[PDB]
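Working through the structure, step by step
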Amino acid sequence: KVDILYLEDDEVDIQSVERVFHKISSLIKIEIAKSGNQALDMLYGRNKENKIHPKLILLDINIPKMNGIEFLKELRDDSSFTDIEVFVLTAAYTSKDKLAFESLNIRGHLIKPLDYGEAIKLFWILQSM
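Residues numbered from 1 in each chain as written, not as in the entry; some residues may be left out. Heavy atoms only, no water. Residues with missing side-chain atoms left out of burial classes, pairs and counts.

The deposited coordinates for this entry were obtained by X-ray crystallography, with a reported resolution of 1.50 Å.

Dropping the structure here:
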């Protein structure tokens, strides 16, 4: 159904990421969650959100108001989401980030902007999944 669940609240980032993937394929389905709360609502199919089962979760960790760590902690405590692969997206991946995501089973990090090179890499992961 949904290939990627992108946690992002910056409208330009949303359009940019959707456009990059759209140029690769108009069939790559991306759903947008603008908060950790909404992402969970979509994964559980509650609060007026339709339940989705994404293969990958792309998390923009440069949003101070959106606690990605708390989201990931809750995500990883529910076995229904064990197979969802997670990639963090940031304009600056730090030593602190490295330490923080070590036990949250994150497949990798991506440096903004998420361009063709990064998107095609994700496309093949979707396929290989």
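Some thoughts on the sheet that holds strand β4 (residues 85–90)
Strand pairing in a sheet relies on backbone hydrogen bonds. The paired strands run either parallel or antiparallel. A sheet is described by the order of its strands in space; here five strands give the open sequence β2-β1-β3-β4-β5, paired in parallel fashion. Of all the strands in the sheet, just β2 (30–33) and β5 (108–111) have a single pairing partner and so form its edges. This sheet shows a mean twist of 25 degrees between the axes of neighbouring strands, independent of strand direction. Of the pairings in the sheet, the one linking strand β3 (residues 56–60) to β4 comprises five bridges and is parallel in character. Bridged to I57 within β4 is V86. (Pairing = 2+ DSSP bridges. Helix = DSSP H or I, 4+ residues; strand = E, 2+ residues; numbered from the N terminus. Axes fitted to C-alpha atoms, helices over the stretch in contact; angles between N-to-C directions.)

A closer look at the side chain of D41
Along the chain, the position of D41 falls in helix α2 (residues 36–44). Side-chain polar atoms of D41 contact the side chain of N47, separated by 3.1 Å. Contact partners of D41, with chain neighbours within four places excluded, come to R46, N47 and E49. (Polar contact = N/O pair within 3.5 Å; in protein donor to acceptor, adjacent residues only side chain to side chain. Contact = heavy atoms within 4.5 Å.)

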